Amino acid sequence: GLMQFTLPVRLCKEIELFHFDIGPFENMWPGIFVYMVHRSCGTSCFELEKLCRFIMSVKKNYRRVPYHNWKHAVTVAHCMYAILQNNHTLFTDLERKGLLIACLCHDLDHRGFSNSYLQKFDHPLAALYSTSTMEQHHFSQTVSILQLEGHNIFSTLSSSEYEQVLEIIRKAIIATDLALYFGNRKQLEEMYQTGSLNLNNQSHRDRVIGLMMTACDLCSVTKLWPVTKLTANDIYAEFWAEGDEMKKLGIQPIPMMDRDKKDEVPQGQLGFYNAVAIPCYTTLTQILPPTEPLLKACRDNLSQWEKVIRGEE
């Protein structure tokens, strides 16, 4: 084990920045993930042949959708790598192992439709899982892939460690259900402003990981303006396809899903940054101060959407 993963000089420097873009070459994203696992966790965390097989099976179970795709999985994992590297003392061995995997797997088999669409559509998954429908499916896909021959990347753990890391992965994946994030964030806010927040308490760790998962999931709003602006076209391409499908069920979609309301997108982004993204990163900065650059870049993007609304660009 004296073959080590390296990146070209510009990726080696810029991968440490919260606002790194992983680029348009798909065939380099497996290498970037392994590199992040090797520096984040260690070169000994995983057997390379099992990890490589796991990564390729995960890639094959993401779909060709505009936003919730393979590129989003790796991007979310990289934001988690940055949080882990800038808070290295706060996490256990199992948390480092589970969290990069949770992030790579968190939207497995996404079709670009919300839990709401699956309910209104009466999709079979909505019968199997009444709440966090898609997020329960993604976890179930993660478990199927882990049960494929040659894919048990946790084979060096004891039974009880394996079980714990799969419980970290399950809870991290359920927490990417944005309907759960409002509650979780309000609870961490109270806990922080009263001084009861305690990282030796497992239920509090769970809440902090939950919040890290939302931060990583939304991290597209924390890139430099030209990345953030281009990735918004991709999320809206999904939203408008879901609103089309709502219209096909005879249901008026919510405004952000109506492609006839395309001109109100800038006002939509403000609403989202003020109600969801800014509070999300403010709280995360309060709990993990070295994540400040996520909040900063999010503020800068909010500032850019305000410039668009006043016709300055």
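Note that residue numbering follows the sequence shown and begins at 1. Rigid core (definition): largest C-alpha set, two forms, superposition within 1.5 Å.
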So which moves more in 7 other deposited structures of this protein by CA, 242 to 250 or 43 to 51, given a superposition on the core? 242 to 250
Core-aligned CA RMS in 7 other deposited structures of this protein: between 170 to 178 and 120 to 128 the higher one is 120 to 128
Stretch with the greater mean C-alpha B-factor as recorded in the entry, comparing 161 to 169 against 195 to 203: 195 to 203
Per the PDB entry, mean CA B-factor is higher for 183 to 191 or 228 to 236, namely for 183 to 191
Top residue by Cα temperature factor, when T176, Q141, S114, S130 are compared in the entry: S130
Can you tell me which third, lowest, middle or highest, the CA B-factor of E49 falls into for its chain? highest
Split the chain's modelled residues into thirds by Cα B-factor; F20 lands in the middle
Is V9 in the lowest, middle or highest third of its chain when residues are ranked by C-alpha B-factor? highest
Which third, lowest, middle or highest, does the CA B-factor of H88 fall in along this chain? highest
Looking at the entry's B-factor column for C-alpha atoms only, identify whether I209 ranks in the lowest, middle or highest third of its chain. lowest
